[PDB]
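Quick setup: one chain, the form solved without this ligand, written in structure tokens, and binding and motion questions come after.
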């Protein structure tokens, strides 16, 4: 459940937070609109796990696996079982054009998977009654470390691993005024990834609905955003600030970017 009566936490023993000792001194851990930026070292997962378990939180994880992308499902699901929201209720939603091609992956208790053929006979209304949060990611990836409730919030975006240190002028936002995804050179907070975003079901549906309409307008105007859905997602998150921003630890490509010291963990990565 979400947004309800929250019971008291039990007695817990952990290191006292130090007011005069910054969490991380090498990175920004909070945005100008007071949304935390999630980096390793900023959170005590035991406290967060307690908070979300006491709420009987259910997380939905959605992926689209079309054509040859169905080949990525086995590794994706197997690693998700080892690193994604372990201990919490998880409902995987696999949208594919090849239902019979979905691998039979063994799931831990309290976790289930639904295969939706695709456009589809699945009404978004179902998400509202089955899960509390929705996490939307790409399938040609693998989890390599912890990805848990620390990411849960009404609406979150993830910093693109190739632009987290870039100035806004270098961001590959759609720069044509004729597009609904247009963002001028003097605007923009960060460059978010289209491949990893989420939040409450309500907020995720609001975002996808907004982008769907924006892309339809562009289509009618004979224009296609430079980076398609990702371009519109950036425009949306610029005008509707996310309540949490995930660091590049959450979507990295070690082949193209290595393992910088600023990244204490590589949690979700592209498959070579």
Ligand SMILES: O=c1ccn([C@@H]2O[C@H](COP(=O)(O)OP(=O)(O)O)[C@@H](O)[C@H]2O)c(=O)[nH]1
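Numbering follows the first chain given and starts at 1.
- Per the record, residue 118 and residue 119 are separated by 10 or more deposited residues that have no coordinates.
- A summary of the deposited B-factors shows that, of 61-69 and 31-39, the stretch with the larger mean C-alpha value is 61-69.
- Annotation for 161-169 versus 123-131: the higher mean temperature factor (C-alpha) is found in 123-131.
- The residue among 48, 204, 238, 226 whose C-alpha carries the highest B-factor in the deposited model is 226.
- Annotation for residue 100: CA B-factor lies in the highest third of the chain's modelled residues.
- Ranked by Cα temperature factor within the chain, residue 244 sits in the lowest third according to the deposited record.
- For residue 83, the recorded CA temperature factor ranks within the lowest third of the chain's modelled residues.
- The deposited CA B-factor of residue 111 belongs to the middle third of values across its chain.
- Among the modelled residues of its chain, residue 146 has a C-alpha B-factor that falls in the lowest third, as given in the PDB entry.
Not pictured, yet referred to below: the form deposited with this ligand bound.
- Residues within 4.5 angstroms of this ligand in the deposited bound form, judged by any non-hydrogen atom, belong to 57-65 and to none of the other stretches in 57-65, 31-39, 203-211, 235-243.
- Put simply, of 183, 139, 135, 149 only one has a heavy atom within 4.5 Å of this ligand in the deposited bound form, and it is 139.
- Of the heavy atoms in residue 69, some are within 4.5 Å of this ligand in the deposited bound form.
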